[PDB]
Amino acid sequence: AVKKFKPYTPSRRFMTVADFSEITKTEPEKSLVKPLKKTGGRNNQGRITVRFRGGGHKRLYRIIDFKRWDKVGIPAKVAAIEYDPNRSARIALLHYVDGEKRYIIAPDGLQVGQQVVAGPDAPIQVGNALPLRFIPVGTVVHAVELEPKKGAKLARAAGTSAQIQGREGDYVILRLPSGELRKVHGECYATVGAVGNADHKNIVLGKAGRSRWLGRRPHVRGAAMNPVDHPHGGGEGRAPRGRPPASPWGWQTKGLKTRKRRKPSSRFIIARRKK
Amino acid sequence: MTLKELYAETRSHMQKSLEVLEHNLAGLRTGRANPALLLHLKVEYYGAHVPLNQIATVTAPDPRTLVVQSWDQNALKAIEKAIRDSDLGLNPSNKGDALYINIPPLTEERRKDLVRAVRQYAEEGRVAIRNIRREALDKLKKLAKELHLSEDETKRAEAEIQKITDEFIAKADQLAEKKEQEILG
RNA sequence: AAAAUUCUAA
RNA sequence: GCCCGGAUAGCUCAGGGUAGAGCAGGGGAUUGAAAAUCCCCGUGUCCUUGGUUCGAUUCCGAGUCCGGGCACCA
RNA sequence: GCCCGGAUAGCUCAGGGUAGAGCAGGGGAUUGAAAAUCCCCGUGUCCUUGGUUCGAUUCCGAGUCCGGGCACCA
RNA sequence: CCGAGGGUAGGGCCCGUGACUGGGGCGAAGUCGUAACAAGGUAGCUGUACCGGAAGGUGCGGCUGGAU
RNA sequence: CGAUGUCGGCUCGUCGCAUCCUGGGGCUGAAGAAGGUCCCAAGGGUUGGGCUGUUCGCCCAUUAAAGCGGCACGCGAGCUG
RNA sequence: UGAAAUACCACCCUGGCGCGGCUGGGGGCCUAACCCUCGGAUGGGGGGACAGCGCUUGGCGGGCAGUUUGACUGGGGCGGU
RNA sequence: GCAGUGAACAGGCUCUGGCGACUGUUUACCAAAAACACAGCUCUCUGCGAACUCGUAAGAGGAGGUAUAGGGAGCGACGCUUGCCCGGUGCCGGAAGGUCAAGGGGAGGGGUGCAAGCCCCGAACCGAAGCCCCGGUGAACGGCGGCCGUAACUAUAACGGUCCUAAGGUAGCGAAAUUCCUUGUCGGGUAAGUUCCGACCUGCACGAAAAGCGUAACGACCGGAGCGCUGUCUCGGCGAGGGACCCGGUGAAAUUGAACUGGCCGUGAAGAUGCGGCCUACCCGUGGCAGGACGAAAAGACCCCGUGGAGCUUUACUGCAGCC
RNA sequence: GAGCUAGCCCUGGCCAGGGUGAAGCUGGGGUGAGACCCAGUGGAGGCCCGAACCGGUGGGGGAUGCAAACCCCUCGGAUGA
RNA sequence: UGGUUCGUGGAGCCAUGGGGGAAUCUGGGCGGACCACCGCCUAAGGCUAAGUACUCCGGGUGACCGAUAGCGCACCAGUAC
Ligand SMILES: [Mg+2]
Ligand SMILES: [Mg+2]
Ligand SMILES: [Mg+2]
Ligand SMILES: [Mg+2]
Ligand SMILES: [Mg+2]
Ligand SMILES: [Mg+2]
Ligand SMILES: [Mg+2]
Ligand SMILES: [Mg+2]
Ligand SMILES: [Mg+2]
Ligand SMILES: [Mg+2]
Ligand SMILES: [Mg+2]
Ligand SMILES: [Mg+2]
Ligand SMILES: [Mg+2]
Ligand SMILES: [Mg+2]
Ligand SMILES: [Mg+2]
Ligand SMILES: [Mg+2]
Ligand SMILES: [Mg+2]
Ligand SMILES: [Mg+2]
Ligand SMILES: [Mg+2]
Ligand SMILES: [Mg+2]
Ligand SMILES: [Mg+2]
Ligand SMILES: [Mg+2]
Ligand SMILES: [Mg+2]
Ligand SMILES: [Mg+2]
Ligand SMILES: [Mg+2]
Ligand SMILES: [Mg+2]
Ligand SMILES: [Mg+2]
Ligand SMILES: [Mg+2]
Ligand SMILES: [Mg+2]
Ligand SMILES: [Mg+2]
Ligand SMILES: [Mg+2]
Ligand SMILES: [Mg+2]
Ligand SMILES: [Mg+2]
Ligand SMILES: [Mg+2]
Ligand SMILES: [Mg+2]
Ligand SMILES: [Mg+2]
Ligand SMILES: [Mg+2]
Ligand SMILES: [Mg+2]
Ligand SMILES: [Mg+2]
Ligand SMILES: [Mg+2]
Ligand SMILES: [Mg+2]
Ligand SMILES: [Mg+2]
Ligand SMILES: [Mg+2]
Ligand SMILES: [Mg+2]
Ligand SMILES: [Mg+2]
Ligand SMILES: [Mg+2]
Ligand SMILES: [Mg+2]
Ligand SMILES: [Mg+2]
Ligand SMILES: [Mg+2]
Ligand SMILES: [Mg+2]
Ligand SMILES: [Mg+2]
Ligand SMILES: [Mg+2]
Ligand SMILES: [Mg+2]
Ligand SMILES: [Mg+2]
Ligand SMILES: [Mg+2]
Ligand SMILES: [Mg+2]
Ligand SMILES: [Mg+2]
Ligand SMILES: [Mg+2]
Ligand SMILES: [Mg+2]
Ligand SMILES: [Mg+2]
Ligand SMILES: [Mg+2]
Ligand SMILES: [Mg+2]
Ligand SMILES: [Mg+2]
Ligand SMILES: [Mg+2]
Ligand SMILES: [Mg+2]
Ligand SMILES: [Mg+2]
Ligand SMILES: [Mg+2]
Ligand SMILES: [Mg+2]
Ligand SMILES: [Mg+2]
Ligand SMILES: [Mg+2]
Ligand SMILES: [Mg+2]
Ligand SMILES: [Mg+2]
Ligand SMILES: [Mg+2]
Ligand SMILES: [Mg+2]
Ligand SMILES: [Mg+2]
Ligand SMILES: [Mg+2]
Ligand SMILES: [Mg+2]
Ligand SMILES: [Mg+2]
Ligand SMILES: [Mg+2]
Ligand SMILES: [Mg+2]
Ligand SMILES: [Mg+2]
Ligand SMILES: [Mg+2]
Ligand SMILES: [Mg+2]
Ligand SMILES: [Mg+2]
Ligand SMILES: [Mg+2]
Ligand SMILES: [Mg+2]
Ligand SMILES: [Mg+2]
Ligand SMILES: [Mg+2]
Ligand SMILES: [Mg+2]
Ligand SMILES: [Mg+2]
Ligand SMILES: [Mg+2]
Ligand SMILES: [Mg+2]
Ligand SMILES: [Mg+2]
Ligand SMILES: [Mg+2]
Ligand SMILES: [Mg+2]
Ligand SMILES: [Mg+2]
Ligand SMILES: [Mg+2]
Ligand SMILES: [Mg+2]
Ligand SMILES: [Mg+2]
Ligand SMILES: [Mg+2]
Ligand SMILES: [Mg+2]
Ligand SMILES: [Mg+2]
Ligand SMILES: [Mg+2]
Ligand SMILES: [Mg+2]
Ligand SMILES: [Mg+2]
Ligand SMILES: [Mg+2]
Ligand SMILES: [Mg+2]
Ligand SMILES: [Mg+2]
Ligand SMILES: [Mg+2]
Ligand SMILES: [Mg+2]
Ligand SMILES: [Mg+2]
Ligand SMILES: [Mg+2]
Ligand SMILES: [Mg+2]
Ligand SMILES: [Mg+2]
Ligand SMILES: [Mg+2]
Ligand SMILES: [Mg+2]
Ligand SMILES: [Mg+2]
Ligand SMILES: [Mg+2]
Ligand SMILES: [Mg+2]
Ligand SMILES: [Mg+2]
Ligand SMILES: [Mg+2]
Ligand SMILES: [Mg+2]
Ligand SMILES: [Mg+2]
Ligand SMILES: [Mg+2]
Ligand SMILES: [Mg+2]
Ligand SMILES: [Mg+2]
Ligand SMILES: [Mg+2]
Ligand SMILES: [Mg+2]
Ligand SMILES: [Mg+2]
Ligand SMILES: [Mg+2]
Ligand SMILES: [Mg+2]
Ligand SMILES: [Mg+2]
Ligand SMILES: [Mg+2]
Ligand SMILES: [Mg+2]
Ligand SMILES: [Mg+2]
Ligand SMILES: [Mg+2]
Ligand SMILES: [Mg+2]
Ligand SMILES: [Mg+2]
Ligand SMILES: [Mg+2]
Ligand SMILES: [Mg+2]
Ligand SMILES: [Mg+2]
Ligand SMILES: [Mg+2]
Ligand SMILES: [Mg+2]
Ligand SMILES: [Mg+2]
Ligand SMILES: [Mg+2]
Ligand SMILES: [Mg+2]
Ligand SMILES: [Mg+2]
Ligand SMILES: [Mg+2]
Ligand SMILES: [Mg+2]
Ligand SMILES: [Mg+2]
Ligand SMILES: [Mg+2]
Ligand SMILES: [Mg+2]
Ligand SMILES: [Mg+2]
Ligand SMILES: [Mg+2]
Ligand SMILES: [Mg+2]
Ligand SMILES: [Mg+2]
Ligand SMILES: [Mg+2]
Ligand SMILES: [Mg+2]
Ligand SMILES: [Mg+2]
Ligand SMILES: [Mg+2]
Ligand SMILES: [Mg+2]
Ligand SMILES: [Mg+2]
Ligand SMILES: [Mg+2]
Ligand SMILES: [Mg+2]
Ligand SMILES: [Mg+2]
Ligand SMILES: [Mg+2]
Ligand SMILES: [Mg+2]
Ligand SMILES: [Mg+2]
Ligand SMILES: [Mg+2]
Ligand SMILES: [Mg+2]
Ligand SMILES: [Mg+2]
Ligand SMILES: [Mg+2]
Ligand SMILES: [Mg+2]
Ligand SMILES: [Mg+2]
Ligand SMILES: [Mg+2]
Ligand SMILES: [Mg+2]
Ligand SMILES: [Mg+2]
Ligand SMILES: [Mg+2]
Ligand SMILES: [Mg+2]
Ligand SMILES: [Mg+2]
Ligand SMILES: [Mg+2]
Ligand SMILES: [Mg+2]
Ligand SMILES: [Mg+2]
Ligand SMILES: [Mg+2]
Ligand SMILES: [Mg+2]
Ligand SMILES: [Mg+2]
Ligand SMILES: [Mg+2]
Ligand SMILES: [Mg+2]
Ligand SMILES: [Mg+2]
Ligand SMILES: [Mg+2]
Ligand SMILES: [Mg+2]
Ligand SMILES: [Mg+2]
Ligand SMILES: [Mg+2]
Ligand SMILES: [Mg+2]
Ligand SMILES: [Mg+2]
Ligand SMILES: [Mg+2]
Ligand SMILES: [Mg+2]
Ligand SMILES: [Mg+2]
Ligand SMILES: [Mg+2]
Ligand SMILES: [Mg+2]
Ligand SMILES: [Mg+2]
Ligand SMILES: [Mg+2]
Ligand SMILES: [Mg+2]
Ligand SMILES: [Mg+2]
Ligand SMILES: [Mg+2]
Ligand SMILES: [Mg+2]
Ligand SMILES: [Mg+2]
Ligand SMILES: [Mg+2]
Ligand SMILES: [Mg+2]
Ligand SMILES: [Mg+2]
Ligand SMILES: [Mg+2]
Ligand SMILES: [Mg+2]
Ligand SMILES: [Mg+2]
Ligand SMILES: [Mg+2]
Ligand SMILES: [Mg+2]
Ligand SMILES: [Mg+2]
Ligand SMILES: [Mg+2]
Ligand SMILES: [Mg+2]
Ligand SMILES: [Mg+2]
Ligand SMILES: [Mg+2]
Ligand SMILES: [Mg+2]
Ligand SMILES: [Mg+2]
Ligand SMILES: [Mg+2]
Ligand SMILES: [Mg+2]
Ligand SMILES: [Mg+2]
Ligand SMILES: [Mg+2]
Ligand SMILES: [Mg+2]
Ligand SMILES: [Mg+2]
Ligand SMILES: [Mg+2]
Ligand SMILES: [Mg+2]
Ligand SMILES: [Mg+2]
Ligand SMILES: [Mg+2]
Ligand SMILES: [Mg+2]
Ligand SMILES: [Mg+2]
Ligand SMILES: [Mg+2]
Ligand SMILES: [Mg+2]
Ligand SMILES: [Mg+2]
Ligand SMILES: [Mg+2]
Ligand SMILES: [Mg+2]
Ligand SMILES: [Mg+2]
Ligand SMILES: [Mg+2]
Ligand SMILES: [Mg+2]
C-alpha cells in the first residue's frame, strides 16, 4: 500500500512514495557495496547513445548473488531486507552460517531471520533455489538462469515472476511475465516464489523533480523539433505526423517487429508474448 | 452554366428571397392601412379552411379604415368570425355586402413588438441572401475548376458576386427601413 | 409450440 | 514482340469414343403471398482455318481477339 | 485538356438482322374497406453525322453532353 | 461616555423582472409509426446501463400482477 | 532597386474653392418665421466624447457651423509605432 | 461382326511401381568446426553446422548523398501558348 | 505637533473572459509566450550476446539493468469522455497460388577441326526475399455527402423517395486563438461600446489523443469593466541639478566631384542653388529649428533576372549506408 | 577549437531573515473494536515574503555609447527541474 | 573489379577479393572472343650500376628587380602586432 499525501503543494496532490515496511536495515553492508559508474547515457566515446539520461541521485552499487548455485547445501539466515537504489526489487541479506554474507533479490513473503538454501534437494520453499528440473511443475518461481551457470536473467523486477507449464527432454517450459512460453534448460537454477515490492507499479512520481531524481532527463517530443532534427519536425503551427510515425533515426515505431528473424534462440521459444 | 448564366441565376435566386421579405412585411399589422395584412387569414368556407384570396377583395381606401370587399355574404359571416380570431383585437362592422374595419392608433405595447417584428423579418431575409451567396461561390468553385478558368478571373467572379450580394442587401435594408417608418408614423 | 400495419360520426 | 494462356448456351463453367454442369428462362406440383423446396426441357461448327487417327470439343500446325506474364524504349 | 467509361423507353439499367428487365404511371385481384404484396398494359430515330456488311444498339471515324482518371494550380 | 441618524466597506435572505432556453399542461377530423390491453402477435412489468426519428429495443438481475 | 522609409495618429502649419457657418444678392410652389435652388464671396471660424490601429463611418451631447480637397494619400535627419 | 485380331516375338506411346545411377528438398539426432559461458581452461556446461564473418544474387531502402525541377509573358505567378 | 513604521527601506484593488493545470525551460544580442518541459493516459517494439544508439571493426552505451524493465511515438494534473469508415497507405498474420535473380537443368542450335576434340549459344522444368493475392489492423496514415418532395396555415420537415461513397461528423462545443459575408442578429453593461460578456446556429472552413467539453489553483501571458489615485489629458506653469552657453587646456568622427550653393512660374530623363523668364538679395559670423540638398549610412533584404548557391521535403531521378 | 556557449561525469562550495504549520507522536473524546473528531507537539513542501545569488517583465535612457547588449526605475525564482 | 587508348564492347592481355582447382618439356603462357595451322616466349624467388628526376647548399651568369620592385624579410622577420 503506497503512501499518499494531503495536497499542501500542487505536486503533493497525487505523489506517492513506497510504504517501505519490508525494510529493516537502513544502511548497506559495507563489504558488499561498490561505486556505480554514472554514464549519462554515453559510451566509450562520450557520444550520447541513450538520450535523456543522467542527473540522478548518486548510487552505490550493491553486489548481488545471481548465481545461488555457488554455495550448495549451505543454509543461510535472512539477516535483513533493505532498499536497493539499483532495482525495483527489494534485497535480502544472507548470513550464510558458512560465515559469508550475501545479497539476493527479496521474494515476497520471505521473512527476516528464516533460512533458505540452494541444492537440488532444497525444499520447494520461498527463497530456496534449485535446478528447474527438480522444481515441481506449476510453481511460481523467479530469478531464473537462462543457460546453465550463466546466472539469473529473468524475472528480476518487482512482482515479476515466472511459472512452469511442463517439461520435455532436458528442458522445461516457462511462462515469463511477458506471457511468452519459453523452454529453458533444466540445469538452470531458479528461486522459488515471486519478487516482492508488488506495489512498485502504483507509484505516482507526482511532479517533474521525481524523474530528475531517478536520473531521467526531459523527453522532447519529435513534433517539437525541426525536420533537421527529426522526421516528425517542421510544419507551420501544429501538425500531425504526416507519414508512418517513426523514430529519430527513421524507422517505423507503430508495430514494426524488430527481433532478428534468423536468431537461433527462436528454436526454443514455443510462443510469442501475450496481449 | 458559365458566368452570365450564374449571375442571372443568382440575381434570380436572390429575388425570390427578397419578395418573400415583402410578403412577410405586409402581412403584419403595420401602420394597419395595409390591405394584404388581412388578405391572408384562416377562414371557414364550406367546412374547409382556405385563404380568402379566393374568397374576397381586400382594398385599402383611406389609411385609418379598411374594407375586405367580399363576394359571398354567407362567407362574410365565416370571415367575420374569422377576423374575430384571437389576434388583431378589432371590432368590424358587417353586411350590406359591406365589412368595415377601423384601425385604432397602434399602442406602444403593439408598436413595441412591431418594430421588433420588422427587424426580425429583416435579418432572416439577409440570411436568406447570404446563404444563397455561399451557394453561388460553390457553384463558382466547381465552375471555375470544371472549366479550367483563370485565377485573376475567379477572383473578380468573387467580387462580382459581392457586388451582386450588396445589391440585394441594400434593398432588403431599405424595405424594412421604410416599413418601420410607417409603424413609427 | 405464431412471417403480416392502420380506422373523420352527432 | 518475346512468353504463358483461354474462346465450350442467356451469364458462368468442368470435360482419343460421349456431349455435359449451375441459376436465369419456359411449363408444371404445392404457395392467400415472399420465397424456398420439387418434376419436365432446351439455350451448341466446343473462335477461325487446317491437319491426324476409324472418326474427335479432346492431339498438332497456323491464325483473330481478349487475359495475364516480361523486359526494353534511340 | 489528354487517357478509361457512359448514352439504348418516363427513370435506372443490362444485351452482327430479334426487342428485354426492375418500378414510376393506368388497371385487375386477395381484404367488410383502405395497406404492402400477387399479375397484366403501355413505353424506344437504342444521342447527331459518316464509313464496313446481305442488313447493324453491336465493328470504326467524327463528335455532343455527362462518371471522370491522370496531369494542371502544387 | 452613550446616543437618533448620516456615510464607507463586506455579507445573508426574499420579491419582481431578462435575451435565450428546458421541459409540463389543456386542447384536435393532422404528420409519423404502432408500444401496452388476447401469449397484442418478441409474455408484460421492473431497477440499472447503453443506444435509437419517436413510442421503444437490448444486456444483467429480479417479480407473477404471465398464458398453455 | 551602389535603397525616393511605406497605414494611422501627434505636432506645426500653409494653400485651393466645387463654401459647412458667416457677410452681400436674384428667383421661389417667398404671408411671417424658418426652408429650397442658383449667384458673389477664401477674411475668420469650423466643439467635446463612446467604438475600432484605423482614415472613413456609426452613435452620444452640443454649436453659428461641425465643409471637401491639395501639398511625395503634406509632415517619422520632428514623435509615436 | 470388327477401321484395328486375338498364339509367341519386336521396337515404341499413355501411365504405375521396383531397384540401380546422378540430382533436389524436407525432418530428426549427434559433436568437433564456430559462438557463449563456467574464480578451476589441452577441461566442464549451453547453442550448434544454425548463428557470425568473406564472395555473389535480387529486393526494401529521404536514414544519407549528388542533382533535375523549360521558355514566352505589357513585372512574376496563375490561365493560355 | 498638520502628522508617531514622524526620516530611509516595505503590496493599489475588485469584477469578468481567453490560453496553458501547476514550479520550471527557451530564441547568449529585437520574441519568455498560448511556445518546450512536466508528472499522468495510450500504442508499439524488446526474452537478454534484448530491442535500440555510437563505431569499419574491436568495443562500448542500453545495464553489471531483465517485461512492475529498457527503447520509440503521440497526447499532456485532474474531472466526464473519445463515435463510424480497413476501399487506398502503413503495420501484423497468412508452409495455397501468380511473378520473380543468381545458380541448377541442357531439349536443341552455332564456331572450328580430317578427326578425337576445343569454344560459344541455349527451351521446358527446379529455384529466396520482394511484389501480387487472402485476411486482421485507428490512442497507425488518414477520411467522416448530395438532391427530389412531405403535416389541418404559411416558412418549416420527425417521415420519406433517390444518387454517390470505404463510410458520410455520434457526444460535446460553436460569429470561437477557427466566421469569408461581419460592426451578423438579440440581450448586458455605457450619455454613446467594430472591442468585452451572455445567447442563437446561416460551423465560407469545430469535433473527440496534431484529443473534445469543463475545472479549483497558478501566470511579469492576452482581452473587457469598475473603485482608489494621479501632470496621462484639459494645459500648462515653476523650481532643482547634470549638460547645452561664455573663458582656459587637450581635441575626434562619419561625410566630402569641384563650388562663387536664393524664391517663384516653366522647362529639362517626368521632383532644378546650377537651364529660361521674372522677382528678391550689401560682406562675414553665433545661438537656435529641421522643409530641401531625391541629405548620411548600407553595390534593396521586397519584386524579377542568373541554365548562381545553400537548408529543408517527397510516392522527382539515380545511387549510397543500413536491413531482408 | 568545448579557456565562450551546451549537455553530462568527478570533487568541493553557497542559499540573511521572517511567514505558513503536512504526515507522525501523545493526551482527551469516541465505539464492541474502529473509523473519526479535537488538543498539544512536531516541522514536511519543484509552499509563501524577501537580501546574497541566478534571472531579465514593463518603462525611460544610451545609439561615432561607459559599453560590439551597458545604466536607472520596475519586476521573476529564491531547499530546488 | 582495377589497369591499358579500351566507358561491356567482338574484349584478349596485365593485375586479383570470392569459388573451383592441375601438370614438369610429349609440361606450360602469349600472338585482340573462339578454333586450327604457323610462330614467339619459359610465369608463380631475389639483386643489379650507368644514362633520369629535385635544389635545403655552393659557385658562375643574366636585353632579371633596384626598396610600393625584387623572397613575406636589403634593416635584429617568421620578428612586431
Ligand atoms: Mg498524496
Ligand atoms: Mg513517507
Ligand atoms: Mg518496502
Ligand atoms: Mg572499499
Ligand atoms: Mg576510456
Ligand atoms: Mg578519447
Ligand atoms: Mg496450470
Ligand atoms: Mg503482463
Ligand atoms: Mg494509474
Ligand atoms: Mg537508471
Ligand atoms: Mg514517461
Ligand atoms: Mg514530451
Ligand atoms: Mg519548433
Ligand atoms: Mg545539427
Ligand atoms: Mg545535427
Ligand atoms: Mg526528414
Ligand atoms: Mg530528415
Ligand atoms: Mg511532419
Ligand atoms: Mg510544427
Ligand atoms: Mg495550421
Ligand atoms: Mg536461421
Ligand atoms: Mg496582377
Ligand atoms: Mg394490428
Ligand atoms: Mg395512423
Ligand atoms: Mg509490337
Ligand atoms: Mg433457386
Ligand atoms: Mg387470398
Ligand atoms: Mg513501350
Ligand atoms: Mg434515360
Ligand atoms: Mg501551366
Ligand atoms: Mg503535390
Ligand atoms: Mg450606534
Ligand atoms: Mg444625521
Ligand atoms: Mg448605522
Ligand atoms: Mg451596502
Ligand atoms: Mg445586499
Ligand atoms: Mg421575449
Ligand atoms: Mg398535444
Ligand atoms: Mg415489449
Ligand atoms: Mg404490439
Ligand atoms: Mg411484445
Ligand atoms: Mg430493462
Ligand atoms: Mg439493438
Ligand atoms: Mg388478476
Ligand atoms: Mg527602389
Ligand atoms: Mg547601380
Ligand atoms: Mg545614392
Ligand atoms: Mg515610405
Ligand atoms: Mg491600410
Ligand atoms: Mg489609406
Ligand atoms: Mg485665387
Ligand atoms: Mg464660388
Ligand atoms: Mg454646385
Ligand atoms: Mg454654392
Ligand atoms: Mg448667407
Ligand atoms: Mg436666398
Ligand atoms: Mg402657379
Ligand atoms: Mg423668409
Ligand atoms: Mg407659408
Ligand atoms: Mg440644384
Ligand atoms: Mg474664407
Ligand atoms: Mg487663406
Ligand atoms: Mg478655410
Ligand atoms: Mg471607457
Ligand atoms: Mg480602445
Ligand atoms: Mg483601434
Ligand atoms: Mg463613404
Ligand atoms: Mg467620403
Ligand atoms: Mg473621425
Ligand atoms: Mg454602421
Ligand atoms: Mg441657423
Ligand atoms: Mg443655419
Ligand atoms: Mg441650426
Ligand atoms: Mg460632415
Ligand atoms: Mg468630432
Ligand atoms: Mg488642409
Ligand atoms: Mg489618397
Ligand atoms: Mg493625400
Ligand atoms: Mg494615393
Ligand atoms: Mg501622403
Ligand atoms: Mg490626410
Ligand atoms: Mg504619408
Ligand atoms: Mg521629413
Ligand atoms: Mg525626410
Ligand atoms: Mg506594430
Ligand atoms: Mg554407387
Ligand atoms: Mg533420391
Ligand atoms: Mg539438439
Ligand atoms: Mg570467473
Ligand atoms: Mg575470467
Ligand atoms: Mg551440447
Ligand atoms: Mg550459415
Ligand atoms: Mg557486415
Ligand atoms: Mg544490393
Ligand atoms: Mg528502388
Ligand atoms: Mg536530398
Ligand atoms: Mg529515392
Ligand atoms: Mg557538381
Ligand atoms: Mg528536364
Ligand atoms: Mg522537367
Ligand atoms: Mg519565366
Ligand atoms: Mg521563339
Ligand atoms: Mg502579366
Ligand atoms: Mg507584352
Ligand atoms: Mg507591366
Ligand atoms: Mg502555367
Ligand atoms: Mg504562366
Ligand atoms: Mg502614526
Ligand atoms: Mg525617496
Ligand atoms: Mg510592504
Ligand atoms: Mg517604501
Ligand atoms: Mg508586499
Ligand atoms: Mg465560456
Ligand atoms: Mg484574469
Ligand atoms: Mg483566470
Ligand atoms: Mg475572444
Ligand atoms: Mg504555464
Ligand atoms: Mg540553462
Ligand atoms: Mg532574445
Ligand atoms: Mg537564459
Ligand atoms: Mg539572434
Ligand atoms: Mg525580451
Ligand atoms: Mg515568464
Ligand atoms: Mg545490435
Ligand atoms: Mg559510422
Ligand atoms: Mg552505424
Ligand atoms: Mg553499423
Ligand atoms: Mg554489452
Ligand atoms: Mg554500467
Ligand atoms: Mg532507445
Ligand atoms: Mg519512453
Ligand atoms: Mg514504455
Ligand atoms: Mg501537445
Ligand atoms: Mg476514466
Ligand atoms: Mg482504411
Ligand atoms: Mg488496409
Ligand atoms: Mg483490408
Ligand atoms: Mg472487418
Ligand atoms: Mg506480410
Ligand atoms: Mg514485377
Ligand atoms: Mg538461367
Ligand atoms: Mg546456365
Ligand atoms: Mg549451364
Ligand atoms: Mg546437346
Ligand atoms: Mg545444331
Ligand atoms: Mg567442319
Ligand atoms: Mg521460364
Ligand atoms: Mg519457378
Ligand atoms: Mg515467394
Ligand atoms: Mg489486405
Ligand atoms: Mg483487402
Ligand atoms: Mg478516433
Ligand atoms: Mg472536415
Ligand atoms: Mg399544413
Ligand atoms: Mg403544405
Ligand atoms: Mg466539419
Ligand atoms: Mg451535434
Ligand atoms: Mg457562432
Ligand atoms: Mg458581434
Ligand atoms: Mg466558451
Ligand atoms: Mg476567402
Ligand atoms: Mg454592435
Ligand atoms: Mg449588440
Ligand atoms: Mg434585456
Ligand atoms: Mg442597454
Ligand atoms: Mg446596448
Ligand atoms: Mg449591443
Ligand atoms: Mg461570445
Ligand atoms: Mg477537422
Ligand atoms: Mg486524431
Ligand atoms: Mg485526435
Ligand atoms: Mg490540449
Ligand atoms: Mg475549451
Ligand atoms: Mg470540478
Ligand atoms: Mg481558472
Ligand atoms: Mg512561472
Ligand atoms: Mg506568464
Ligand atoms: Mg486582466
Ligand atoms: Mg507634464
Ligand atoms: Mg522646465
Ligand atoms: Mg538647470
Ligand atoms: Mg573650450
Ligand atoms: Mg552667394
Ligand atoms: Mg510635363
Ligand atoms: Mg521644376
Ligand atoms: Mg531658377
Ligand atoms: Mg543655393
Ligand atoms: Mg551657369
Ligand atoms: Mg536660375
Ligand atoms: Mg530691387
Ligand atoms: Mg548658423
Ligand atoms: Mg527633416
Ligand atoms: Mg537637432
Ligand atoms: Mg539616402
Ligand atoms: Mg544591387
Ligand atoms: Mg538589390
Ligand atoms: Mg544584393
Ligand atoms: Mg533579414
Ligand atoms: Mg555554378
Ligand atoms: Mg542551379
Ligand atoms: Mg555554407
Ligand atoms: Mg502523386
Ligand atoms: Mg554493420
Ligand atoms: Mg532496423
Ligand atoms: Mg566548459
Ligand atoms: Mg561545462
Ligand atoms: Mg521556518
Ligand atoms: Mg496536526
Ligand atoms: Mg491517540
Ligand atoms: Mg474527560
Ligand atoms: Mg483507538
Ligand atoms: Mg519555493
Ligand atoms: Mg510563486
Ligand atoms: Mg558570502
Ligand atoms: Mg555568473
Ligand atoms: Mg533588464
Ligand atoms: Mg530592460
Ligand atoms: Mg531609446
Ligand atoms: Mg520591478
Ligand atoms: Mg526580485
Ligand atoms: Mg520571492
Ligand atoms: Mg537540497
Ligand atoms: Mg538537487
Ligand atoms: Mg576500367
Ligand atoms: Mg575494364
Ligand atoms: Mg576489363
Ligand atoms: Mg588467349
Ligand atoms: Mg613445347
Ligand atoms: Mg600440353
Ligand atoms: Mg598468365
Ligand atoms: Mg605474344
Ligand atoms: Mg591472332
Ligand atoms: Mg587474332
Ligand atoms: Mg603450338
Ligand atoms: Mg618456371
Ligand atoms: Mg599470379
Ligand atoms: Mg626469374
Ligand atoms: Mg628492386
Ligand atoms: Mg642598377
Ligand atoms: Mg619589400
Ligand atoms: Mg626611394
Ligand atoms: Mg614606403
# chains A, B, ... in the order shown; residues from 1 in each chain; ligands from 1
>>> residues_around(residues="residue D:28", least_positions_apart="3", cutoff="12 Å", atoms="only C-alpha atoms (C1' of nucleotides)", output="list in words")
residues 38, 39, 40 and 41 of chain D
>>> residues_around(residues="stretch 58-68 of chain A", least_positions_apart="6", cutoff="8 Å", atoms="only C-alpha atoms (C1' of nucleotides)", output="count of residues only")
22
>>> residues_near_ligand(ligand="ligand 116", cutoff="10 Å", atoms="only C-alpha atoms (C1' of nucleotides) and all ligand atoms", output="PDB file with C-alpha atoms (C1' of nucleotides), in the first residue's frame")
ATOM      1  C1'   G I  17     -13.392  36.041 -20.019  1.00  0.00           C
ATOM      2  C1'   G I  18      -9.236  33.521 -23.321  1.00  0.00           C
ATOM      3  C1'   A I 176     -14.563  30.724 -31.465  1.00  0.00           C
ATOM      4  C1'   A I 177      -6.600  31.994 -30.949  1.00  0.00           C
ATOM      5  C1'   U I 195     -13.575  45.535 -28.611  1.00  0.00           C
ATOM      6  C1'   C I 196     -15.825  42.727 -23.923  1.00  0.00           C
ATOM      7  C1'   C I 197     -19.529  39.283 -21.521  1.00  0.00           C
ATOM      8  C1'   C I 222      -3.565  38.087 -23.959  1.00  0.00           C
ATOM      9  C1'   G I 223      -8.782  40.833 -23.607  1.00  0.00           C
TER      10        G I 223
END
>>> interface_residues(of="chain B", to="chain I", cutoff="7 Å", atoms="only C-alpha atoms (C1' of nucleotides)", output="PyMOL selection string")
chain B and resi 42+123+127+130-131+134
>>> write_last_selection(atoms="N, CA and C atoms", output="PDB file, in the first residue's frame")
ATOM      1  N   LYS B  42     -56.969  32.481 -41.886  1.00  0.00           N
ATOM      2  CA  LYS B  42     -57.714  31.228 -41.852  1.00  0.00           C
ATOM      3  C   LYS B  42     -59.199  31.498 -41.666  1.00  0.00           C
ATOM      4  N   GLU B 123     -33.561  40.596 -40.783  1.00  0.00           N
ATOM      5  CA  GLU B 123     -32.339  39.799 -40.708  1.00  0.00           C
ATOM      6  C   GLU B 123     -32.510  38.473 -41.432  1.00  0.00           C
ATOM      7  N   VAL B 127     -30.089  36.700 -44.161  1.00  0.00           N
ATOM      8  CA  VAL B 127     -29.507  35.369 -44.036  1.00  0.00           C
ATOM      9  C   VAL B 127     -29.949  34.496 -45.198  1.00  0.00           C
ATOM     10  N   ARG B 130     -27.481  35.775 -47.850  1.00  0.00           N
ATOM     11  CA  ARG B 130     -26.096  35.365 -47.659  1.00  0.00           C
ATOM     12  C   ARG B 130     -25.932  33.871 -47.858  1.00  0.00           C
ATOM     13  N   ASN B 131     -26.924  33.090 -47.434  1.00  0.00           N
ATOM     14  CA  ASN B 131     -26.833  31.651 -47.618  1.00  0.00           C
ATOM     15  C   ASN B 131     -26.908  31.276 -49.092  1.00  0.00           C
ATOM     16  N   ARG B 134     -23.302  31.964 -50.647  1.00  0.00           N
ATOM     17  CA  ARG B 134     -22.344  30.885 -50.449  1.00  0.00           C
ATOM     18  C   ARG B 134     -22.650  29.719 -51.374  1.00  0.00           C
TER      19      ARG B 134
END
>>> atom_distance(atom1="atom 1 (Mg, counted along the ligand's line) of ligand 158", atom2="atom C1' of residue I:174")
4.9 Å
>>> residues_around(residues="stretch 4-12 of chain A", least_positions_apart="3", cutoff="10 Å", atoms="only C-alpha atoms (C1' of nucleotides)", output="list in words")
residues 1, 15, 16, 17, 18, 19, 203, 204, 205, 206, 207, 208 and 209 of chain A; 21, 22, 23, 39, 77, 217 and 218 of chain I; 22, 23, 44, 45, 46 and 47 of chain J
>>> closest_atom_pairs(of="chain H", to="ligand 95", cutoff="10 Å", atoms="only C-alpha atoms (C1' of nucleotides) and all ligand atoms", output="JSON lines")
{"residue": "H:59", "atom": "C1'", "partner": "ligand 95", "partner_atom_place_in_ligand_line": "1 (Mg)", "distance": 8.5}
{"residue": "H:60", "atom": "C1'", "partner": "ligand 95", "partner_atom_place_in_ligand_line": "1 (Mg)", "distance": 7.8}
{"residue": "H:61", "atom": "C1'", "partner": "ligand 95", "partner_atom_place_in_ligand_line": "1 (Mg)", "distance": 7.1}
